[PDB]
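Colleague: Take a look at the following structure, please.
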Amino acid sequence: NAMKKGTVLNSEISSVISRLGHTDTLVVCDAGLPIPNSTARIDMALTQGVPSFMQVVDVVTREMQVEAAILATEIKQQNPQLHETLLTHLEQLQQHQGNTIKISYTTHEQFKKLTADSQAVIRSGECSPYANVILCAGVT
Amino acid sequence: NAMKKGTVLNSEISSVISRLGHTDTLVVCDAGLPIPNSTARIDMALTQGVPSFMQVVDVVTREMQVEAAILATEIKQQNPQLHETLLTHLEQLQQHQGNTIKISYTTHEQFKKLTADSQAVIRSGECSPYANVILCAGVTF
Amino acid sequence: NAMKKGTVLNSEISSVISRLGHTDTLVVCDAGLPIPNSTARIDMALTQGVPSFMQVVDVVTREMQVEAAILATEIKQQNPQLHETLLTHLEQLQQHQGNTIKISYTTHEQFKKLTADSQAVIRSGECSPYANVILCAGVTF
Amino acid sequence: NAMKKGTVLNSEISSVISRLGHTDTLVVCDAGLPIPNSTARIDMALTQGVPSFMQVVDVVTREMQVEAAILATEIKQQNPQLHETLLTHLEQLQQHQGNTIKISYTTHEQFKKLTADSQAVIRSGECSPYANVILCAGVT
Amino acid sequence: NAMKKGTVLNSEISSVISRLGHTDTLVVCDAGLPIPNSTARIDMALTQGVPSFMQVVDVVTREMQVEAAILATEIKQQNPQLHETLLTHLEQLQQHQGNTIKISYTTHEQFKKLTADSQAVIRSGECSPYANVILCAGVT
Amino acid sequence: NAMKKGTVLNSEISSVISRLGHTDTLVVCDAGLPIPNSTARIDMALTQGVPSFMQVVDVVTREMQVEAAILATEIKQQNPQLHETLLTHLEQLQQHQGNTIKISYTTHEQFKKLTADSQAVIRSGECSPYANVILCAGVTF
Amino acid sequence: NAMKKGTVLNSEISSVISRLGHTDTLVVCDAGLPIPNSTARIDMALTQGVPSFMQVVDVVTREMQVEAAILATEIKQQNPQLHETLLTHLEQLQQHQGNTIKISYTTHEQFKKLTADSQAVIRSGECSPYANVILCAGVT
Amino acid sequence: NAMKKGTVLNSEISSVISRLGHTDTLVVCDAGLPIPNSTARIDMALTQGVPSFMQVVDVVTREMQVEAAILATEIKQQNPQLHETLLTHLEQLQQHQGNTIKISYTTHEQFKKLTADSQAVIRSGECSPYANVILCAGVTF
Amino acid sequence: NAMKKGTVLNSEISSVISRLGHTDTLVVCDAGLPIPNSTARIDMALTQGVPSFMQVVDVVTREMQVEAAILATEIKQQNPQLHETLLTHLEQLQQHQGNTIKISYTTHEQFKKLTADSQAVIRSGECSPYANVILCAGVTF
Amino acid sequence: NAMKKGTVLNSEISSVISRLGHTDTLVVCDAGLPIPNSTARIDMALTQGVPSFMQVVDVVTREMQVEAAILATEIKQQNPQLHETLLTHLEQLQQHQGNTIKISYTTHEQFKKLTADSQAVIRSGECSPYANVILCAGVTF
């Protein structure tokens, strides 16, 4: 029913993804992450759990070439279920892309600082803890 | 997880609902409706069916006082399931509000013209046909 | 090499196509068409023939659902080779879309007026005559 | 009579609260506090005492999840009545929120510097001395 | 405590009043009135009843020279108490101004149209019905 | 004749005075002072001597609560008449305000730097030398 | 003491005069004239009587070539002293310019409508009645 | 077919070239280069390989006086065919200009940093690796 | 000495010319013409007679393809020397363009109205009367 | 013919000169000088030699009070004829101003840095080398 072919329908998300170059980053975050004013805010949160973190990550990565992902170390202990789903998804993504997506971890404080350098933060409705990822653009 | 208490979390939706006065309109539309440039565009559409038309209508009407809804005539025959889900929702809403929500139908052509006068169009990921409603703000005195 | 998957790489074209609704129009024009200030100008012209009219039409239609195309009557006599190439392309596009693209003709003067209502005019490097088309967004339901 | 359900009716206050993330701050101030140009100015002051500092704090905290509050040390000695009323209110808020709101004190000079980092300063009509608080967003 | 001498403390209200010329209008409205986009929106509403319609009218008229007031005919029957309070206040204002303030009534529909031509609409927290007035600037 | 009651009639001056908080500064300057772009420019200068430095200082201080004033050292020797008229005015102002206005002096070079931090510079038509003052907002608690 | 040679010192007035072409108009008005938003507002009013209407007209006409002036008919009866001073000044101006300045009169209502088409309205501190003129740019 | 005489038809390119002074830089880049926000973005990329890096470099240099070019060292080993075509083109350009165009190499990391100081980056559709050049404006005088 | 090759050096002129399409107009005017706010203002006037009307017309027409020119009837009687110099110049221009430039006349009142529809007015320092021309973009095709 | 009396007819030049205070600078430059984006760009260049550097300096100084001028040391050897013309002009200007204009020299690299602090750079059509000057506003008291 959209006039745009494909599945990435949001106008802002389409626009920012089409502006990305190598090493530019894009953040997908949860309903409580602060968003620095040095970065564009794309607020997709409708209500609790809608859309979910994974729904957004999944849709964004259909159009974005990802070479790396950064996470808060706190996700491992405090949201292991979501951590594992994300890792599985990034594993499938890299296979589809024909590359290898590098995963790394920093403290959440440091994560928030890195968000200041992204091209945009896409806010989801996710309510679970530390459901935030920085995606880095890259191709082989 | 959010810093705003309640369930209407979107910043633009909150902002526009808080600016509404009596008889101001807000449109919730499907993935294919054109949006006139005389109106603000709030693009919630992520992908096909996410978020749905009903998810957006429901969330919006938790904060918005609704006195009327306008629909395309075309929805009756071409999307009867969604039509009846929306009518049921508006029926519950009016009860919770303590009023009676007036429903009307115009041609889709005329509907699109009315959208030019709204304060904003909130775009959903809905892909079914004629999944568009104009909500009118109002309360009992 | 581009960070966007697919083949529609231009940021402004991607942006306008993602904002299109049903019956919105998008114009692809040649190097000499005047562009009204009521419409956004996406200037893809690099130099004579680069990119060609057909390159731009082809790329735009890989993302945009097209239900109709409008052309100046003058193209039939004054640019028949390009006219046919475009018709063949629209024939294949409708097949891949699963619909039927309606083609219509107006005077060039009328065509220029219709461009004032489009969302954007994407300017190619094409130098042949009347190499301009208005594409209308639409899908079947 | 308003078209928005609830009691937080101001359009600008609604807007900024809806934009808050964890650790973002919002300031509620008196009629005399300077407002840095690195922050948004929401001027609610109508006239002396209208609306009061407490009326604004109260209304803001109906929508905002508060995890901490910062005050000038000067409030203790120079506006003890208002100091107490605020502490009692924050006590009731934390109970309603199911958390514990941390209170801390800085010099007024330092307080003014922290206001430079807030998302907005909401100016009240309060005329008593040092009737200024920085509220920090947070949940569990 | 404010740095501006007097009692009209709001920065936006001060600003618009200082821009008024003869026959320019300023609207003071209730919490439910729609505000046309051809006019500036000064949103003073904090919460239900704060500030009241009368508090705003009173404060605005301390700085503004008023020669006329326009009301919806609906106020007469549906908010007679507020109607009277306003007429008494306008009576005292004209005495203090040394002029005579003309009052007239239009349909609410027509009232809303006239608001499109005003310099600003100052929104109060008033919840009673038809608590809206158009004030017209003028002196002798 | 004006629609604003009182005697501070300028729209920009009214606007900026109403935005002032404690320790914010406002500068009233002469016809030749440079105005940094980090500060708002309110240009009241019509022609030589119109309005005068004192006319502007006087009007501004009818609405502004002043707790301090800063001057160039150079004003003492090079514009002593104006210096003493200003000191007299500040003396009356403090009495009417019920406080005590603190006066200080810096080099003109340093004065210009301090103007970079003010909320606005109100430019007068004054042509005498070093007819510039930084006024600091403040009241007694 | 100004860096600009000559006597027209205001930055906005200098700017608008330098943009004028033949038949463009510029209004000088009193402290109470409403100023339409279709026109630029240059607010020179400091306080009652400062600067005066004549001070502004006089300064503006040192840089502006004037071919015509329009006045409200009401000036003749209600501000004859100022009317005559203005006429005398326009008489001297035309002699200096080597042309003949055309004077015409319309109703004040019509005058206000004509102000909507000017390039700018320069507001003086004048408090006497109908102290408003539309100046038309022109040279022989 | 265009209203501008000559062969540099793009309005943004024409505009930026006409604002260049001596030592100003202009970047022509491939489809994958990040573009810093301290620089203007001129997005000519339509689709993969259209227009090519060389098409853009060639057209730009028909209006722009070039005194030097900077490349990433990585181009030597990872895009040698394109490297050579560019050097040949710069050789012919310097001859038609009557000067000598200086070529230098930096790491790609350092190249990206230099792009932050250019007046604009013109993005081509090129997909080969390290197809990025910083062109420096200058004339013999 | 400039970084742009050729002789049309102004950045705004270069910019506007590169955006012209067929039938777009560009005005070159004298020091006294009013410029409507519906049109871009390019102020080249430095002082009386610098640059002259003819200097501007000449430079503009080196980049701009002209198909027609409109003048005020008043130029015939009140600036005949300039009228003739312009016609001669348009005669030589059409020869170098290989077309025929149509000249027409309207009242000056009507001329001013047409200027409201141009893409820009380029103001020269010319002081002679009615030294104003509307140039229409076009090429033979 | 112009509606402004006097000889400084350009709207942007008039505007910037009227905003100058003591020690603010204004640059007049040649056709090749790069203009930093921290400064306003007033592009008076029409074509080679039009207007000349001296035309622009002369006109600017009819309105602007000048207390000092800064030049690149390179002008002495590489443009001695223009250097002398400028010095003679500054000699007459100071006489008519009743002051003494201080002239100083820096490296051209340093000159370019100083331009970043000016209020505006007014670009002439001058093609000779190092035809750039920084003028400093000031009057005697």
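Chain labels follow the order of the structure tokens: the first chain is A, the next B, and so on; residue numbering restarts at 1 in every chain, and ligands are counted from 1 in their shown order.
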Segment 111-124 of chain D: which residues within 7 Å, counting only C-alpha atoms, same-chain residues fewer than 6 positions away excluded, as a list in words?

Modeller: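 Counting only the stated atoms, we get residues 24, 25, 26, 27, 28, 29, 30, 31, 35, 36, 38, 39, 40, 41, 42, 43, 44, 45, 51, 52, 53, 56 and 72 of chain D.
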
Colleague: Taking only C-alpha atoms into account, produce a table as a tab-separated table in which each residue of chain G with an atom at most 12 Å from an atom of chain F appears once, together with its shortest atom pair and the distance in Å to one decimal, ordered by chain and rising number.

Modeller:
residue	atom	partner	partner_atom	distance
G:1	CA	F:127	CA	5.0
G:2	CA	F:32	CA	4.5
G:3	CA	F:32	CA	6.2
G:4	CA	F:32	CA	9.0
G:5	CA	F:48	CA	10.9
G:6	CA	F:47	CA	8.8
G:7	CA	F:47	CA	5.3
G:8	CA	F:47	CA	5.6
G:9	CA	F:47	CA	5.2
G:10	CA	F:46	CA	5.1
G:11	CA	F:43	CA	6.9
G:12	CA	F:43	CA	7.8
G:13	CA	F:46	CA	8.4
G:14	CA	F:46	CA	10.0
G:29	CA	F:1	CA	11.5
G:30	CA	F:1	CA	7.8
G:31	CA	F:2	CA	4.9
G:32	CA	F:2	CA	4.5
G:33	CA	F:2	CA	8.2
G:34	CA	F:3	CA	9.7
G:41	CA	F:11	CA	10.1
G:42	CA	F:43	CA	9.6
G:43	CA	F:10	CA	6.4
G:44	CA	F:44	CA	5.7
G:45	CA	F:10	CA	5.2
G:46	CA	F:10	CA	5.3
G:47	CA	F:9	CA	5.3
G:48	CA	F:7	CA	6.5
G:49	CA	F:1	CA	9.9
G:50	CA	F:51	CA	7.0
G:51	CA	F:51	CA	6.7
G:52	CA	F:50	CA	9.8
G:53	CA	F:46	CA	11.7
G:54	CA	F:46	CA	11.8
G:55	CA	F:46	CA	8.4
G:56	CA	F:46	CA	7.3
G:57	CA	F:46	CA	10.6
G:58	CA	F:47	CA	10.1
G:59	CA	F:47	CA	7.0
G:60	CA	F:46	CA	9.0
G:62	CA	F:47	CA	10.7
G:63	CA	F:47	CA	11.9
G:122	CA	F:46	CA	10.8
G:123	CA	F:10	CA	9.2
G:124	CA	F:10	CA	9.5
G:125	CA	F:9	CA	7.9
G:126	CA	F:1	CA	7.7
G:127	CA	F:1	CA	4.7
G:128	CA	F:1	CA	7.0
G:129	CA	F:1	CA	7.7
G:130	CA	F:1	CA	10.0
G:131	CA	F:1	CA	10.4

Colleague: List the spatial neighbours of segment 104-114 of chain J as a compact mmCIF listing (two decimals) with N, CA and C atoms, in the first residue's frame - criterion: any atom at most 10 Å away, only C-alpha atoms, same-chain residues fewer than 4 positions off excluded.

Modeller:
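Wrote part_14.txt, looks like this:
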# COMPACT_ATOMS: atom_id res chain seq x y z
N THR J 25 36.34 45.91 11.15
CA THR J 25 37.02 45.96 9.87
C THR J 25 36.09 45.56 8.72
N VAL J 27 36.75 44.41 4.51
CA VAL J 27 37.77 44.06 3.54
C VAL J 27 37.29 44.34 2.12
N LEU J 33 40.63 36.24 -4.05
CA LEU J 33 40.84 36.01 -2.63
C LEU J 33 39.78 35.09 -2.08
N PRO J 34 40.19 34.08 -1.31
CA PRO J 34 39.21 33.23 -0.65
C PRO J 34 38.56 33.99 0.49
N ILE J 35 37.28 33.73 0.72
CA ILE J 35 36.50 34.44 1.73
C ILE J 35 36.05 33.43 2.77
N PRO J 36 36.51 33.60 4.01
CA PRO J 36 36.12 32.70 5.07
C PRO J 36 34.62 32.75 5.32
N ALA J 68 42.70 53.10 9.88
CA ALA J 68 43.86 52.29 9.57
C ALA J 68 43.58 51.38 8.37
N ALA J 69 44.65 50.96 7.72
CA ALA J 69 44.56 50.07 6.56
C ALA J 69 45.66 49.02 6.68
N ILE J 70 45.31 47.77 6.40
CA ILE J 70 46.29 46.68 6.44
C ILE J 70 46.41 46.07 5.06
N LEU J 71 47.65 45.79 4.67
CA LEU J 71 47.98 45.27 3.35
C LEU J 71 48.97 44.11 3.46
N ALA J 72 48.99 43.28 2.43
CA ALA J 72 49.96 42.20 2.36
C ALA J 72 51.30 42.80 1.90
N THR J 73 52.40 42.38 2.51
CA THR J 73 53.72 42.86 2.13
C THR J 73 54.00 42.60 0.64
N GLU J 74 53.44 41.51 0.12
CA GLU J 74 53.64 41.12 -1.28
C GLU J 74 53.18 42.19 -2.30
N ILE J 75 52.28 43.08 -1.90
CA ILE J 75 51.78 44.12 -2.81
C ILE J 75 52.87 45.12 -3.24
N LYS J 76 53.84 45.35 -2.36
CA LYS J 76 54.89 46.31 -2.63
C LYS J 76 55.67 45.96 -3.87
N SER J 118 36.77 40.13 10.01
CA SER J 118 36.09 41.31 9.52
C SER J 118 34.59 41.12 9.50
N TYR J 130 47.49 40.60 -5.30
CA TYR J 130 47.48 41.13 -3.93
C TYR J 130 46.75 42.48 -3.78
N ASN J 132 44.19 43.53 -2.24
CA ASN J 132 43.32 43.30 -1.10
C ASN J 132 43.71 44.27 -0.01
N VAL J 133 42.73 44.86 0.66
CA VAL J 133 43.03 45.72 1.81
C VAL J 133 42.01 45.50 2.92
N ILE J 134 42.49 45.53 4.16
CA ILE J 134 41.60 45.55 5.31
C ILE J 134 41.49 46.99 5.81

Colleague: Give me, as an MDAnalysis selection string, the residues of chain D that a backbone DSSP run labels helix (DSSP H, G or I).

Modeller: chainID D and resid 11:19 53:63 74:78 80:97 108:115

Colleague: Print the selection's residues with N, CA and C atoms to a file, as a compact mmCIF listing (two decimals), in the first residue's frame.

Modeller:
# COMPACT_ATOMS: atom_id res chain seq x y z
N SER D 11 1.21 23.39 26.48
CA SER D 11 1.72 22.73 25.32
C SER D 11 3.24 22.61 25.36
N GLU D 12 3.97 23.63 25.79
CA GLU D 12 5.42 23.55 25.83
C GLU D 12 5.91 22.60 26.92
N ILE D 13 5.28 22.62 28.09
CA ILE D 13 5.66 21.68 29.15
C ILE D 13 5.41 20.23 28.71
N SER D 14 4.27 19.98 28.09
CA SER D 14 3.95 18.64 27.60
C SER D 14 4.98 18.18 26.64
N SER D 15 5.32 19.08 25.75
CA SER D 15 6.28 18.80 24.72
C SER D 15 7.66 18.42 25.29
N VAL D 16 8.22 19.22 26.20
CA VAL D 16 9.57 18.95 26.73
C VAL D 16 9.57 17.69 27.60
N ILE D 17 8.50 17.47 28.37
CA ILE D 17 8.45 16.26 29.21
C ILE D 17 8.45 15.04 28.33
N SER D 18 7.71 15.08 27.22
CA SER D 18 7.63 13.95 26.30
C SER D 18 8.96 13.69 25.59
N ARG D 19 9.84 14.68 25.56
CA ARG D 19 11.16 14.48 24.99
C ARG D 19 12.23 14.00 25.97
N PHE D 53 5.78 28.60 42.60
CA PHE D 53 6.82 27.59 42.37
C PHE D 53 6.22 26.21 42.59
N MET D 54 5.52 26.06 43.71
CA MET D 54 4.95 24.76 44.04
C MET D 54 3.90 24.30 43.02
N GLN D 55 3.07 25.22 42.54
CA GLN D 55 2.06 24.82 41.55
C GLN D 55 2.74 24.22 40.31
N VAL D 56 3.83 24.84 39.86
CA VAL D 56 4.54 24.37 38.68
C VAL D 56 5.22 23.03 38.98
N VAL D 57 5.97 22.94 40.07
CA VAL D 57 6.67 21.68 40.41
C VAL D 57 5.66 20.54 40.48
N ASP D 58 4.56 20.80 41.15
CA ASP D 58 3.53 19.81 41.30
C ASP D 58 3.03 19.34 39.94
N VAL D 59 2.64 20.27 39.08
CA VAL D 59 2.07 19.90 37.78
C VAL D 59 3.10 19.17 36.91
N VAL D 60 4.33 19.68 36.85
CA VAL D 60 5.40 19.03 36.06
C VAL D 60 5.60 17.58 36.53
N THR D 61 5.62 17.37 37.84
CA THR D 61 5.89 16.03 38.39
C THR D 61 4.72 15.05 38.26
N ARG D 62 3.56 15.52 37.82
CA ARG D 62 2.49 14.58 37.49
C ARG D 62 2.78 13.80 36.23
N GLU D 63 3.56 14.37 35.33
CA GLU D 63 3.87 13.68 34.07
C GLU D 63 5.31 13.18 34.04
N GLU D 74 21.63 27.72 49.67
CA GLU D 74 21.04 28.96 50.18
C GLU D 74 19.57 28.83 50.55
N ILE D 75 18.84 27.89 49.96
CA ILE D 75 17.41 27.73 50.25
C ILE D 75 17.18 27.36 51.73
N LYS D 76 18.12 26.64 52.33
CA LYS D 76 17.93 26.09 53.66
C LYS D 76 17.68 27.18 54.65
N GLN D 77 18.55 28.18 54.64
CA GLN D 77 18.48 29.32 55.57
C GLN D 77 17.53 30.44 55.11
N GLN D 78 17.44 30.65 53.80
CA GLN D 78 16.75 31.83 53.32
C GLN D 78 15.35 31.62 52.81
N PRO D 80 13.24 28.58 54.24
CA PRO D 80 13.02 27.30 54.90
C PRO D 80 11.61 26.77 54.75
N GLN D 81 10.62 27.66 54.76
CA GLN D 81 9.23 27.25 54.59
C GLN D 81 9.02 26.56 53.25
N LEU D 82 9.54 27.17 52.19
CA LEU D 82 9.40 26.61 50.85
C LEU D 82 10.26 25.34 50.74
N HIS D 83 11.45 25.39 51.32
CA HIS D 83 12.29 24.18 51.39
C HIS D 83 11.49 22.99 51.94
N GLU D 84 10.86 23.16 53.09
CA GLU D 84 10.11 22.05 53.67
C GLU D 84 8.98 21.59 52.75
N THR D 85 8.16 22.52 52.29
CA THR D 85 7.04 22.15 51.43
C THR D 85 7.50 21.33 50.25
N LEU D 86 8.64 21.67 49.69
CA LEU D 86 9.17 20.92 48.53
C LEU D 86 9.63 19.53 48.95
N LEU D 87 10.35 19.43 50.07
CA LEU D 87 10.80 18.14 50.53
C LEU D 87 9.61 17.22 50.83
N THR D 88 8.57 17.72 51.48
CA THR D 88 7.36 16.91 51.71
C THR D 88 6.73 16.44 50.41
N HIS D 89 6.63 17.33 49.43
CA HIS D 89 6.07 16.98 48.15
C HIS D 89 6.89 15.89 47.44
N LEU D 90 8.22 16.04 47.45
CA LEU D 90 9.09 15.06 46.83
C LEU D 90 9.01 13.74 47.56
N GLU D 91 8.75 13.79 48.85
CA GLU D 91 8.54 12.60 49.65
C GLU D 91 7.28 11.83 49.18
N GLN D 92 6.21 12.58 48.91
CA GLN D 92 4.94 11.97 48.45
C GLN D 92 5.07 11.47 47.02
N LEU D 93 5.82 12.21 46.21
CA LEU D 93 6.02 11.83 44.82
C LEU D 93 6.76 10.50 44.75
N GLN D 94 7.81 10.33 45.55
CA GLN D 94 8.62 9.12 45.47
C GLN D 94 7.81 7.92 45.89
N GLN D 95 6.93 8.12 46.87
CA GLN D 95 6.02 7.07 47.28
C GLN D 95 5.08 6.70 46.14
N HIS D 96 4.50 7.70 45.47
CA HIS D 96 3.62 7.40 44.34
C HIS D 96 4.37 6.75 43.18
N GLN D 97 5.62 7.12 43.00
CA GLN D 97 6.48 6.57 41.93
C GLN D 97 7.06 5.22 42.30
N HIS D 108 24.60 28.17 44.92
CA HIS D 108 23.75 28.77 43.89
C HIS D 108 24.53 29.03 42.61
N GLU D 109 25.78 29.46 42.74
CA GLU D 109 26.61 29.68 41.58
C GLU D 109 26.74 28.40 40.75
N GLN D 110 26.95 27.30 41.43
CA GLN D 110 27.11 26.02 40.76
C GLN D 110 25.76 25.55 40.19
N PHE D 111 24.69 25.84 40.92
CA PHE D 111 23.35 25.54 40.47
C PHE D 111 23.07 26.20 39.10
N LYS D 112 23.40 27.49 39.00
CA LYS D 112 23.23 28.24 37.75
C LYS D 112 23.99 27.61 36.60
N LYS D 113 25.21 27.16 36.86
CA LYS D 113 25.97 26.43 35.84
C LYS D 113 25.28 25.14 35.40
N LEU D 114 24.76 24.37 36.36
CA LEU D 114 24.05 23.13 35.98
C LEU D 114 22.81 23.45 35.12
N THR D 115 22.17 24.59 35.32
CA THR D 115 20.99 24.92 34.54
C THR D 115 21.33 25.03 33.06

Colleague: Quick one: which chain H residues come within 7 Å of chain J, and what is the nearest atom pair for each with the distance in Å to one decimal, counting only C-alpha atoms, rows ordered by chain and ascending number, as a Markdown table?

Modeller:
| residue | atom | partner | partner_atom | distance |
| --- | --- | --- | --- | --- |
| H:20 | CA | J:34 | CA | 6.6 |
| H:21 | CA | J:34 | CA | 3.8 |
| H:22 | CA | J:34 | CA | 5.6 |
| H:24 | CA | J:34 | CA | 6.6 |

Colleague: Please check the contacts: residues of chain D at most 10 Å away from chain A, using only C-alpha atoms, listed as a ChimeraX atom specification.

Modeller: /D:19-24,119,137-139

Colleague: How would the residues just picked look written out with N, CA, C and O atoms as an mmCIF file, in the first residue's frame?

Modeller:
data_model
loop_
_atom_site.group_PDB
_atom_site.id
_atom_site.type_symbol
_atom_site.label_atom_id
_atom_site.label_comp_id
_atom_site.auth_asym_id
_atom_site.auth_seq_id
_atom_site.Cartn_x
_atom_site.Cartn_y
_atom_site.Cartn_z
ATOM 1 N N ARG D 19 9.844 14.677 25.563
ATOM 2 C CA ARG D 19 11.155 14.483 24.994
ATOM 3 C C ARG D 19 12.226 13.995 25.969
ATOM 4 O O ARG D 19 13.306 13.663 25.552
ATOM 5 N N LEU D 20 11.934 13.927 27.245
ATOM 6 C CA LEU D 20 12.951 13.597 28.216
ATOM 7 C C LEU D 20 13.392 12.150 28.140
ATOM 8 O O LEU D 20 12.590 11.264 27.943
ATOM 9 N N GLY D 21 14.691 11.941 28.326
ATOM 10 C CA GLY D 21 15.260 10.633 28.617
ATOM 11 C C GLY D 21 15.926 10.564 29.985
ATOM 12 O O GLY D 21 16.088 11.563 30.684
ATOM 13 N N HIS D 22 16.322 9.361 30.364
ATOM 14 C CA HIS D 22 16.978 9.152 31.645
ATOM 15 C C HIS D 22 18.153 10.098 31.818
ATOM 16 O O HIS D 22 18.978 10.230 30.924
ATOM 17 N N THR D 23 18.179 10.768 32.975
ATOM 18 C CA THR D 23 19.214 11.748 33.377
ATOM 19 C C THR D 23 19.118 13.117 32.741
ATOM 20 O O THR D 23 19.845 13.998 33.153
ATOM 21 N N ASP D 24 18.233 13.319 31.764
ATOM 22 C CA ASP D 24 17.933 14.676 31.289
ATOM 23 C C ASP D 24 17.340 15.458 32.462
ATOM 24 O O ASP D 24 16.663 14.890 33.320
ATOM 25 N N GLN D 119 17.271 20.636 29.758
ATOM 26 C CA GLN D 119 16.514 20.694 28.500
ATOM 27 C C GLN D 119 15.650 21.925 28.438
ATOM 28 O O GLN D 119 15.416 22.454 27.367
ATOM 29 N N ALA D 137 15.331 13.314 35.405
ATOM 30 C CA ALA D 137 14.432 12.282 34.936
ATOM 31 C C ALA D 137 15.009 10.932 35.236
ATOM 32 O O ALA D 137 16.175 10.676 34.954
ATOM 33 N N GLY D 138 14.189 10.053 35.796
ATOM 34 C CA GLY D 138 14.587 8.657 35.936
ATOM 35 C C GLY D 138 13.493 7.777 36.505
ATOM 36 O O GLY D 138 12.617 8.279 37.215
ATOM 37 N N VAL D 139 13.558 6.481 36.187
ATOM 38 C CA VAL D 139 12.664 5.455 36.726
ATOM 39 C C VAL D 139 13.536 4.278 37.206
ATOM 40 O O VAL D 139 14.640 4.095 36.713
#

Colleague: Find the distance between atom CA of residue 53 of chain F and atom CA of residue 133 of chain G and write it in Å to one decimal.

Modeller: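 Going from atom CA of residue 53 of chain F over to atom CA of residue 133 of chain G covers 27.9 Å.
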